[PDB]
Structure formats: C-alpha cells, structure tokens
C-alpha cells in the first residue's frame, strides 16, 4: 500500500448514458485503488445534457481528483465535454485542441438542420455553466460566452482567460506541471494538493464494449 498511483483512461465520442458508465467504471477503479488522481483523456464533439450532468455529479462526488485532459492533439471538449471539464478538479489541454461551443439545443431535424431550444432553456444552461465555473474558481464570463457567442478557445487562450490550469503535450508533461497544484474543487470536503512526485502511471484500456459502442454511435 506504500505507492502513489495515477490512473489514465480514455473517453472518446458522443457523451451518452454509456459515457456515464465509463466515467463511473474508471473513477471507481481509481477510488478502490486509492489513486492520487485519475486523468481522463477526453475527445468529444457533443452529447446529451442528462448524461453530462450525471457525469459532472459523479466527478463532484469522486473520492479522488479527476483531471480532464483534452487529448490527443486535434481533440475537442466541445458541447457536453466543456461542462464536464468545467465541473472537474483540473483541466489540461494538449496543443492543437479546443474547448467551448456549448449552446444548448433540442437537437437535429430530418435535414440535419439545427433545432434551437426556447430562449429560457439557454438561460438555464448559462446559469448552470456559470455555476460550474464559479464553483471551481474559473472564468464565468468566458464560460457564459461558450454559449452566448458559441465561443471556442485554443489551449493558450483557455489558459490566459483562466478557464483551464495546464497546457501539456503528453501525460508526463501533465504530471510535471500539475504537480503541487491545488484541485479547483474539493475532494471529500477539502481542496487537495496533487502529489505527483514518484508516481506510478497505470493505463486503463477501453474494453471491447467501449470501443464497439463508441464506433456504432460514431455513425
């Protein structure tokens, strides 16, 4: 039991009910193993509000820090993924990645045309995103604009505007740079200082089910 463990997992594609299950499974593994943290490499272009809210909640109740890492280069945490990022203990972005564009919608027509929701539901998600940002000490002005302006930011813009905490090219740089940082939200009632000196990195493989279901959603 005299080890320091960081888990790394991968989450890719639409945020659905199934994505909740993955988040729950990986975070649960890390908790049961008393990990110092879990890093989630996140690449998601969109998803559902309900699954997103359930994931933020599961991260809020996590017994270990959850670091959302927008990875690999070219990844995005757009739409539902931005809320997940904003709801977490720390956000890192890889070079060539994107955060933002969070406008809520009722979905897509037969055309593939955009079905915007009523004005008051936009206001509801503005409130929600402002809440997540203020609870984690992040820029709620820019967060609001993720919705009202469909604003999208590069990693360096995200850092300068005080939306994320780290820009890192890989897991190793991420660990080096986030070492000694405080979580932006508590872990079990307490803001925690990340201890990543002498850490063992453990990669959690996506299962066959994860890949199959992701690939089917994909199309």
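Numbering follows the first chain given and starts at 1.
- Figure legend: residue 144 is marked as modelled in all of the other comparable entries of the protein, none of which omit it, let alone a third.
- For the cut-off of one third of the other compared entries, residue 135 stays well clear, since all of them model it along with its flanks.
- With 37-45 and 166-174 compared on mean CA B-factor from the PDB entry, the stretch scoring higher is 166-174.
- Mean C-alpha B-factor is higher over 116-124 than over the other stretch, the pair under comparison being 136-144 and 116-124.
- Between the residues 84, 90, 106, 93, it is 106 that shows the highest Cα B-factor in the PDB record.
- Sort the modelled residues of the chain by CA B factor and residue 15 lands in the lowest third.
- In the PDB entry, a CA B factor belonging to the lowest third of its chain's modelled residues is recorded for residue 56.
- Sort the modelled residues of the chain by CA B factor and residue 160 lands in the highest third.
- Among all modelled residues in this chain, the alpha-carbon of residue 70 has a temperature factor (C-alpha) in the lowest third.
- In the PDB entry, residue 30 places in the middle third of its chain by CA B-factor.
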